[PDB]
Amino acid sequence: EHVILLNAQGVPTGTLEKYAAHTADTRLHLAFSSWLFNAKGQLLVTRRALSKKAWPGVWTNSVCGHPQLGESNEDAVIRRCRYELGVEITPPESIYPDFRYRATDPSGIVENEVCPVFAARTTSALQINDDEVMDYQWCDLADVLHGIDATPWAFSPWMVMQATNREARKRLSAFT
């Protein structure tokens, strides 16, 4: 697996192996984030495995990943929902297309990404990949937003930035 390097404009200029790409000095690259809801309207929140290179052990939205060369953002979402969560989903819908951020995790590992955000509904049961996810919770979206607003430090910085974008929050609120 690789990540796709982006120039100042969002143009792909090459690739790097995925593990080697994320360092104290991570360069700008393409990613996605997704929020998954079940048929009941509950939000799936996940806790990243302790083996993840970046933000291990952190509570975050449902599934995040790195599209490969030639892959649509939506196909990447579907791919990592299968890979991390063993779950089938409805066609991903855009909720924050221009999100981009840079942040540094407690051990100094950086994420530096153009990261469009999506939402979808699960259409099967989860089957957890414990190399990716160490814990998870189905919850009411209102409660998760209350937690992000009171104690944002308890959640990943990109989950917070997404959830505190006024429009993204309105659009997420429609899946419940």
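The first residue of the shown sequence is 1; numbering continues from there.
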property: Average Cα temperature factor in the PDB entry - higher stretch of 7-15, 154-162; result: 7-15
property: Mean C-alpha temperature factor, higher of 33-41 and 56-64; result: 33-41
property: Peak C-alpha temperature factor (PDB record), options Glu84, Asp98, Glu74, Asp105; result: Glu74
property: Cα B factor band for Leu28 (lowest, middle or highest third within the chain); result: lowest
property: Ranked against its chain, the third holding the CA B-factor of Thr123; result: highest
property: Record-listed C-alpha B factor of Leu69: chain third; result: highest
property: Chain-wide C-alpha B factor ranking for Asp149, given as lowest, middle or highest third; result: highest
property: Relative C-alpha B-factor of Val117, binned into the chain's lowest, middle or highest third; result: middle
